[PDB]
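Chains as they are written, first to last, in this note's numbering: chain E, 1107 to 1227; chain P, -12 to 36; chain W, 580 to 899; chain H, 19 to 122; chain A, 79 to 537; chain C, -10 to 336; chain R, 699 to 796. Every residue, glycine too, gets a C-beta built ideally from N, C-alpha and C.
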Amino acid sequence: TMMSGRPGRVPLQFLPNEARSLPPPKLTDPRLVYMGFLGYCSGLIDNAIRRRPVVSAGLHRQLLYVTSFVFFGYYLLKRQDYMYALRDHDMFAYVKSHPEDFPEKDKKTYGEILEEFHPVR
Amino acid sequence: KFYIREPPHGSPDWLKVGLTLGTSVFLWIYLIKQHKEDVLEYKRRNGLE
Amino acid sequence: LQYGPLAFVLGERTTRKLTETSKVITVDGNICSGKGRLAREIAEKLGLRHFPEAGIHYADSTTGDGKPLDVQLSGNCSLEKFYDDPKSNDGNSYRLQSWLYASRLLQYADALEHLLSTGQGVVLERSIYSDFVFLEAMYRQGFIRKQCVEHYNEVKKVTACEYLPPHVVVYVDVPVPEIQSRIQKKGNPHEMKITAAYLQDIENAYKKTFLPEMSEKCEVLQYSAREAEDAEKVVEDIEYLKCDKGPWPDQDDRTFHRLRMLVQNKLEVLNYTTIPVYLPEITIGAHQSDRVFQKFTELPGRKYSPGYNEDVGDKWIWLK
Amino acid sequence: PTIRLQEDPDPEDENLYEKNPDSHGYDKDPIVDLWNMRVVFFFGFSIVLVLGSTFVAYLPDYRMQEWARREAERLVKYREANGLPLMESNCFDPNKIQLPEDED
Amino acid sequence: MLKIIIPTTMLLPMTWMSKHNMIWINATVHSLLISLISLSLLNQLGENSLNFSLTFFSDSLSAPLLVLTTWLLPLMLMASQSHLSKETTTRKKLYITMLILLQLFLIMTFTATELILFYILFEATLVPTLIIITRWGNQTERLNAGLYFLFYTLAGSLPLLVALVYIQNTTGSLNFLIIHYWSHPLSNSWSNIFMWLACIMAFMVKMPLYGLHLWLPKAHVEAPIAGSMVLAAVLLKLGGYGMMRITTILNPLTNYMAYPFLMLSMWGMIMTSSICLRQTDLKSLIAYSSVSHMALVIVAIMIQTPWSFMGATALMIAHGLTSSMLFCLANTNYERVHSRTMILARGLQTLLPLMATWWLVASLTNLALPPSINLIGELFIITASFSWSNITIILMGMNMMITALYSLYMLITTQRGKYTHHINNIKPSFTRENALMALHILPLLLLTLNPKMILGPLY
Amino acid sequence: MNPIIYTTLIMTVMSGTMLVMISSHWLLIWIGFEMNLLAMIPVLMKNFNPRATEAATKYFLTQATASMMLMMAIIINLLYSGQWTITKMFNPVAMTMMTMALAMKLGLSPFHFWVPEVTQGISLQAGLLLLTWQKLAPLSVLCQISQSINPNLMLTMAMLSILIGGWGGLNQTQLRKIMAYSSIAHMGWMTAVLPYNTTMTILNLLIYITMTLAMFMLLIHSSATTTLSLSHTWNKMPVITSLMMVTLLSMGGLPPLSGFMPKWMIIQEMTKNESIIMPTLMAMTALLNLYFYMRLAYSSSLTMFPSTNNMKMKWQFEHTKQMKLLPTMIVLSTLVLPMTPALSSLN
Amino acid sequence: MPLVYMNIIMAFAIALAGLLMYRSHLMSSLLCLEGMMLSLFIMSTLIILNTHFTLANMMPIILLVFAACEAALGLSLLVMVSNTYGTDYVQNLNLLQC
Ligand SMILES: CCCCCCCCCCCCCCCCCC(=O)OC[C@H](COP(=O)([O-])OCC(O)COP(=O)([O-])OC[C@@H](COC(=O)CCCCCCCCCCCCCCCCC)OC(=O)CCCCCCCCCCCCCCCCC)OC(=O)CCCCCCCCCCCCCCCCC
Ligand SMILES: CCCCCCCCCCCCCCCCC[C@@H](O)O[C@H](CO[C@H](O)CCCCCCCCCCCCCCC)COP(=O)(O)OCC[N+](C)(C)C
Ligand SMILES: CCCCCCCCCCCCCCCCC[C@@H](O)O[C@H](CO[C@H](O)CCCCCCCCCCCCCCC)COP(=O)(O)OCC[N+](C)(C)C
Ligand SMILES: CCCCCCCCCCCCCCCCC[C@@H](O)O[C@H](CO[C@H](O)CCCCCCCCCCCCCCC)COP(=O)(O)OCC[N+](C)(C)C
Ligand SMILES: CCCCCCCC/C=C\CCCCCCCC(=O)O[C@H](COC(=O)CCCCCCC/C=C/CCCCCCCC)COP(=O)(O)OCCN
Ligand SMILES: Nc1ncnc2c1ncn2[C@@H]1O[C@H](COP(=O)(O)OP(=O)(O)O)[C@@H](O)[C@H]1O
């Protein structure tokens, strides 16, 4: 576990204050739409298990399912984006801090790079 | 008809229906407000607008 | 609030509703006896609830509306065909016996649930503990094979061990020739085909195995044909008994809680009736099973849950 | 019972032509069967097949083959008139290729 | 290209929200409309593929397969609504749901630009086909058929996932454009040899190869008609499309490494063509014919020349159409007679003339009659193989002879002679079956009119 | 058993595992293990019968032996460094003791023998608890000391677990033993990737818990503990059979089903650092788990077994006590593959 | 290490083997568990005393407490097994197989 221990990391925050500098996901985000679809599927399965009209048994229950899934998905996406941004930030800081381990190599053109040719026959 | 009471009455249990609808509305408005606050904070921190 | 662990946690116990007049009462008599009127009169005098004898379509009267369903959808057996052709090759005899045992089990569960939830006693007309007499009668006459009685014994062993035997057992003793005379005088064309050996085997079974076994756990009040009409005398005999020998005075609140959680949830009651033992009399093929299930699902009020059937006039479905 | 199951008898085949001499073999109810035939024919033979084939036959030349022919005509004309070879063996300019200095 | 994917995901709830007696009509109409819409991808640039988005792209190789799948679904719906007449509404809707899900996964498979997404959809196509085969079959062997079909595919395709993740870890990407532009030769080492094997064997067993073909007869015989159609028309072409996509990374190892697979393909093509002659069943003969044709396609892909690639694409499309038509033709007789034996019902030309004509046309297109696209693909493959080696012409000619022999043998046994004298329930052909046959056969001739649409990207 | 006593025993079990998961002292971790075992023993014996008694006896003996080995490991590690904090655990002999003790507590092979028997001897509720909740604490301790742990020892036991789980599951007809062997096989996968990345271990744990919860809850809904008893529920609750078939496919590792995500991620993570042979073997072995899941699915929903006459009476009654979280567990068990990138929220 | 530490560790190993051998009875195995705990207690208290760690002097008491809990659990299970079978033999615990 590479990121479990990190400097200045509050244990059980789930959303550090540093994560507020990133753009929040849009409310029409496709992943949020998939979360809402998952909630709708769970509501339909709930209706089917209880032997109720699957499509239209309980509208309030299905609405609660969808809104709960969307509500959790928003914060899940926020945390996921924060972690990926944190990973990229640490990667760039490390590559800048150690230039000798990531040198800029020469830029040859294909006119002088010699590649062996394999005929197809 | 049904010989037994059918605990699900001829009218819904309005208490639970009210609770579920209120919970859904509260979650939706909280999500809207949270998104607005987050986007305002994002615009402020980077100084875009 | 529906009874459960939480209802037991705060408040509701069972022993605080028993008023010394629970007295699960069972009346056992030879075919075509006065046990029905005796049970009705006992229930009326003692103030208990009367449970008529569990027929083929007993479970039909407990679900939906009380109107019985078609014989194809419920039971798949008939008593008249058993009286007319007891040695049939379609296995109607043991199918009927097993279905009747299941119906009696369901009725006993209902009676126990009512007694535990309310406290008012019940008066059954025949229990699961006295159902094997007909089984032995069929087996001795050659109406059924031995594998059928083995399957019955397995089901009884796994089912009847969860409940409590009745407080007092009342037996109406009537001789075989009197039973035959009453059958002849009754009038139903099918019942005059009941042979004397069948009734004799039933009674031999009742005296030899049932009453001796019940005398170890309950109180047995045998009677006769002439003393079964003055129900006041039998009520007085019942209300002057010593109920101290059975397991009923040895029940704590936890045992009653478990029993009450088991008597409701009728699926848990009937679980072990459909054990995967493949007897030709009771096994039903996949195609016929599918056809009959599809037919049952198309009934007016059987498609959905008992509150979500717009067919029988249920409204406000989309908000339940 | 000298059997093993309470099994339904195997049903015999149901002929669609018995209760409907002009069946089309789609359904039992004549009206929905006729309409199923009509929609199948109209959307398979009329719409998709003929219109789709005439749409495919008239697709614009996005494969650049008439363009390739015109390019070839002009290049052949220019090259032959000048006395230059019709086609050149080296696909790329040798001046822009830096071969290894030596092979010993 | 969501304008094709989304209408299928709308076909799903529309099917589930239809009336009890209107499901077939709606499904057929809207699937035909979707196929008409998907017919718009045939406009392909000669330079490079059409890249709609970061995830989906269409090539000259993908478009004929997409059109074939979208055209296949309505025919499968038409063929399935005969033996399902006694089914309940819910199970009919479930069957249509399986067909729609299979089409959706197939459409997303042929256009995925990333190899892991392609693998995920390529394997997601396993669940609905398995459910169809093992739930709506007819005999007791459908369970073993499904087990074989699942495990032959999975035991060969699990190493492909390891190979792909290793490739992404090494090179850095799995996007097909980046893979093609940044491709580099593979050295001669044991590690690279096992890389070749891992990348190839999944598509090889999906073709199938001669030694790994045992699942195909079981699956194609024990499946229902729609399952057989979708297996023999498109689900087999997944392996060929996969090799044609994955081979770019493999060179120069493939020239050295293709000797056993080429030998197996040629000799097993001969062997399966010979097996078709002594077959007592009718669907097994078509299954083995499919095996022979797909072995020819394997040879074409393995020798890896532009003419071989064009021939492989043409043969794939032509075989899909022809095998689907043959399976439907056999299914009609099976529905009449309720048996799969070939010599049970004889002399059906005197009783069903139009079906005799359809049988003749299908058999003629099966044995590569000019100028049908079957012969175009077969001849291009034969020419490419002859350039590869002049001795292959012996095997190709022997295969052609045996193919003609068994095709005409099946046609003569089922259609000519005298009737069986004791089958009196052969009713006249319905309109549905004739329409299905015509919708199978007319596109073949329309395609041989304009063969450049199905010759692949090397054209 | 009284409901208050039952709920306080369950809370004591959860308190023990939380004490394990939140403690930095080795002694407090050992105390949490002891508390968990002590409060877990009666839960197995809630329904009294000889089989439950002997299942509890075997479970107690195995857990007590594992605790003894664990405390010996702690004492040796203290001996070679006066440190109590759960850390590297440098000492090789002490680390071997701890790894083997935690494997015995988890059920990893060759210590896998106890799991099938205890699962068969207890009810479905106790089996659910044992197979899902009783894996958190040993896995937490393993994750904390993962860097210290030797790869060869850990890998050998994971591969053995996968192999033996598949082979054992191939044979059983009882559903509880099938679930136990599947649990062993999944433990193998989870402990396989432990030395390389604990995030994949946590993700596989979450998905395995979700799938096992869904499967046990469906089994409780249709009160069947054998293959033949499950072959009847198509005639009473076809929706349950369909959902069970989909969940069984998901457990197998097929894609697009969610179950595939842990397997795919573990293979991908093990490939990043030159481990090629092992993922191939683990996949080809998980094919066996898929096979016996598929056999169960054939028996359950994809075919129709003959039924009995008394099922007509069950047709008239509804399931009274309804599980609230069953649909959500089913959905998370099947349709959550497209949300793979959200695993970064676990590290 | 001095000979005392090796003797205590050897005693622990002997007790562990004795537990794992399972001759006929169950009291014998419970005694083996108690012996393993006693060896752990002695080793721990020796190590703590030697390094003068004042605070951990209370830890062996907790060890003893949870040893008593384990012993009570084992005794209860043995009581129930003996009531079921009339004998505490381990051969009778074979109703469940693998
Ligand atoms: C990728 C793209 C998206 C794809 C994602 C996947 C699919 C979608 C998500 C899946 C979850 C959603 C639904 C699942 C729960 C439903 C439960 C159910 O059983 O359905 C029955 C129910 C019919 O019941 P009913 O109407 O109450 O009365 C009949 C009785 O129920 C009488 O019922 P019965 O019980 O008597 O019938 C018996 C039957 C009952 O058993 C069943 O019906 C099977 C239940 C399905 C299994 C659920 C699996 C859980 C989700 C996992 C999906 C896996 C996906 C991966 C691909 C692999 C597929 C396996 O059992 C059998 O027949 C046994 C046969 C064995 C076959 C084995 C196959 C089983 C697995 C198939 C799964 C296929 C995927 C789900 C597709 C949808 C199916 C409903 O179907 C419905 O009516 C609802 C279906 C969904 C409605 C969608 C409508 C959306 C909104 C409408 C408008 C659209 C937009 C408008 C706006 C336009 C702009 C203006
Ligand atoms: C497969 C489906 C699994 C779903 C799981 C249940 C979903 C509903 C449960 C509700 C979620 C709330 C739980 C936690 C919220 C608040 C607690 C918060 O503080 O926890 C912190 C952060 O929260 C958790 O760490 C992550 C919670 C996110 C769970 C989602 C992951 C699911 C896997 C991805 C597949 C897509 C699933 C889609 C869900 C619908 C802990 O940080 P930290 O103290 O530093 O961790 C130390 C231990 N580590 C580093 C080794 C891990
Ligand atoms: C029953 C009675 C039978 C006998 C009666 C017959 C009556 C007479 C009919 C016979 C006609 C003789 C044929 C003569 C040929 C004329 C038509 C031909 O010339 O058109 C071709 C055109 O052919 C079409 O391109 C065919 C396209 C293929 C149709 C695709 C199938 C439809 C989709 C359905 C699903 C298929 C799935 C398969 C997946 C690929 C030429 O193509 P091309 O010269 O270049 O382009 C010309 C236009 N340009 C120059 C401006 C570009
Ligand atoms: C039913 C059909 C299923 C599918 C069949 C797939 C066939 C796969 C077979 C793979 C073909 C070749 C594999 C290895 C390439 C060369 C093989 C060998 O003959 O070449 C010699 C190699 O010498 C020895 O023969 C090595 C191979 C001996 C050990 C391998 C076992 C072969 C026996 C057959 C096993 C069965 C295989 C199928 C399993 C079911 C040449 O020596 P050398 O040029 O210096 O080394 C070549 C390799 N280098 C260049 C990378 C270093
Ligand atoms: C219908 C059934 C079909 C079954 C087909 C299964 C066989 C598939 C072929 C082998 C699959 C596994 C190969 C591994 C996948 C690629 C991994 C890779 O490329 O890395 C190799 C690793 O290669 C291997 O490890 C291969 C080990 C193979 C172990 C399992 C063998 C399985 C059976 C072998 C024979 C199968 C081949 C022919 C079978 C024909 C069909 C019967 C290089 O290692 P590096 O870490 O990069 O280090 C090199 C630089 N120092
Ligand atoms: N287990 C059984 N097997 C067969 N028949 C039974 C069984 N139980 C009850 N019956 C039938 O129920 C009928 C009514 O019972 P009975 O008490 O004799 O008549 P009545 O209702 O007038 O009191 C009897 O004819 C008897 O055969």
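Residues of the region 865 to 892 of chain W that bring their beta carbon within less than 8 Å of a beta carbon in chain P comprise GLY880, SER884, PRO885, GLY886, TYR887, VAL891, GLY892, in sequence order. Residue ranges of uninterrupted alpha helix (DSSP H) with 4 or more members, entirely inside the region 269 to 323 of chain A and ordered along the chain, are 293 to 300, 303 to 308.
Shortest gap from the CB of C/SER231 to any heavy atom of ligand 1: under 8 Å. Residues of the region 643 to 666 of chain W with a Cβ closer than 7 Å to any Cβ of chain P, in chain order: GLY643, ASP644, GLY645.
With a cutoff of 8 Å, A/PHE272 counts as near ligand 5, since its C-beta is closer than that to a heavy atom of the ligand.
Contact annotation: in the region 182 to 202 of chain A, residues whose CB is within less than 7 Å of a CB in chain C are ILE198, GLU201, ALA202. Closer than 9 Å to the CB of H/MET105 there is not a single CB belonging to chain A.
A Cβ-Cβ separation of about 5 Å places A/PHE183 in contact with A/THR203 under the 8 Å criterion. In this structure, the straight-line span from the alpha carbon of C/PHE249 to that of C/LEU332 is close to 14 Å. Residue environment for H/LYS46: exposed (fewer than 16 other C-beta atoms within 10 angstroms of its C-beta). Per DSSP, reduced to three states, the secondary structure at A/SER136 is strand. In this chain, the beta strand (DSSP E) harbouring W/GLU798 covers 798 to 802. Taking the C-beta atoms as reference points, A/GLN159 is found no nearer than 9 Å to A/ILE194. In the three-state reduction of the DSSP assignment, C/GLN305 falls in the coil class, being assigned neither a helical nor a strand state.
Scanning its chain for C-beta atoms nearer than 8 Å, with the 5 sequence neighbours on each side dropped, one finds around A/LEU363 the residues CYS354, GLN357, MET420, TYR484, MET488, in chain order. Cβ-Cβ separation between A/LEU177 and A/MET186: approximately 15 Å, too far for a contact (criterion under 8 Å).
Between R/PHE710 and C/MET61, the beta carbon gap of about 6 Å places them in contact (Cβ cut-off 8 Å).
For W/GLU770, the shortest separation between its Cβ and any heavy atom of ligand 6 lies below 8 Å.
Bounds of the alpha helix (DSSP H) holding W/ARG833 are 832 to 842. In its chain, beyond the 5 residues on either side, no residue has a beta carbon closer than 7 Å to the beta carbon of E/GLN1119. The Cβ of A/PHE508 sits closer than 9 Å to at least one Cβ of chain H.
Taking a cut-off of 8 Å for Cβ pairs, the region 672 to 680 of chain W and the region 651 to 663 of chain W touch, as three or more such pairs fall below it. Judged by beta-carbon spacing, A/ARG424 lies beyond the 9 Å limit of A/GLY475, meaning their Cβ atoms are not closer than that value. Among the residues of chain H, none has a CB under 8 Å from the CB of A/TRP214; the nearest is roughly 18 Å distant.
Under the three-state reduction of DSSP output, W/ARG628 falls in the strand class.
When DSSP states are grouped into helix, strand and coil, W/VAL606 belongs to the strand group. Residue pairing of A/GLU192 in beta bridges, as defined by DSSP: A/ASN253.
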